[PDB]
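Before any questions on how it binds or moves, here is one chain, the form deposited in one PDB entry, in structure tokens.
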């Protein structure tokens, strides 16, 4: 059984394995570079190993030392998004299982696709710079030399020098701080991660950070002005943790802190161990976006403990996580809610499939990322098609309680490992051997390898969805002489989630007559809502329905925060509407330079600029 990681140019795990990383670096804000030494403890998996290759992307190598001596290495020619392979000639040949530590002195590019440097004006306090990282999927190679594949798991310790007045944090347990002996104007923050992790989980943030405790094992971190709001917004964290432990077994990471990043953080959240990163667009004031926390918490099991061997199997990470996420929210709020959210997810899947096209490669559950930048292929398919499969297996195998038993054993079975879709499928058949006849009734080839919507839609309770659909239908079928019937009381019995679903149902038939949209603002005043998911969908409906007054609102939301899930569709909508097209392109060109590297590149391709 042999599978290779097409996204990595490093020696695969079958040749050698990194067991530990000891990172000693200093954050240079004046140069926008991270400088230091990455000491890798590498174990040979072969006989007579004399050299190995590591992944790198836009790194500057000062030197490589093994056994106290500088050794030969050579950087191959760059291979676009994959970066440049770095071959290192080992001084002595290694036997199988033999280990050695290679210390690489390096410097990052201010252009690193893993990093975003922010001037003081880009932060909340306006007096200090800020730095944050984002390694998933394959950007760790852009911070330090390494076997940048999730098929290798290692532990790590790190010491980071940073201006005295700032604070550093990493995906690890804080192990102290002290003044920097070699430069009084700095502080050195120490960290240790004892649980083996794929390198894409390595994370670093440096900024004027403050914290506040919100649970027995949770501190919320952010700049001063976001602390209070965040502490309230994420107050359900410990209870969600307890439910997750009940579903997946013990939380093995020690602490579970939350870091609330500046508005340009590219994702809703990132499951960095010990320190989940979240977008500040979750600060709705009513905890209505807490499913994102339940999602990240879930990853502490599905993704961080059981990890996908290569990015071709990312759905293993996301599908199981969404599945656990919905059980946490179902426990907290009722099975009817889980079905509602499960049903909404199906709607997002239809959207993704319609967007890519139903035969498009990226709509396959298991994809072939050979020569495909993971950032370009990222979408809701692995999340929702993956979730759909498990929900479908759940109803096929006997209900939530039975499938949850398989989920826990699955986590137990593959803890601290990296697996493929086949490993998952073999264990499913093994666990449910006494139901193989049932298992043999699913169209595996279609589910796992065919593009488009799944060959079968699961069954969903519709109780909380009905009112949404009914209101959506009233608006869609309404003619001009029916617009007067609409009133603020139409929303009286709807929760913020039903409101969001109401918009999603309506967005799927966009555009609607411009007069219908104006009326909607008139009676429901959606312009006044700051819930980001709701506002996002409202502005898309407005732009797609060609209401020019929405342009400034859409452009504003698109640039004042950078969560790609909101920013990319907004710029795209703005660019497809002839009246805002030039302004969309122009706004992008002017913001590009101070945008997150990955977000800039992707919006750039969506707008077809440069």
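Numbering follows the first chain given and starts at 1.
What comes next is about the form solved in complex with a small molecule, which does not appear here.
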*Even though the small molecule is not shown here, does residue 156 get within 4.5 Å of it in the deposited complex, heavy atoms only?*
no
*Is residue 374 close enough to touch the small molecule in the deposited complex, meaning at least one heavy atom pair within 4.5 Å?*
yes
*Do residue 329 and the small molecule share at least one heavy atom pair within 4.5 Å in the deposited complex?*
no
*Taking the shortest heavy atom distance, is residue 311 within 4.5 Å of the small molecule in the deposited complex?*
yes
*Triple contact flag 248, 251 and 324 to the small molecule in the deposited complex, non-hydrogen atom at 4.5 angstroms*: no
*Note which of 534, 203, 137, 260 lies within 4.5 Å of the small molecule in the deposited complex, where distance is taken over heavy atoms; exactly one does.*
137
*Select from the listed residues 333, 73, 378, 427 the one whose heavy atoms reach within 4.5 Å of the small molecule in the deposited complex.*
378
*Can you pick the stretch from 170-178, 405-413, 435-443, 363-371 whose heavy atoms fall within 4.5 Å of the small molecule in the deposited complex?*
363-371
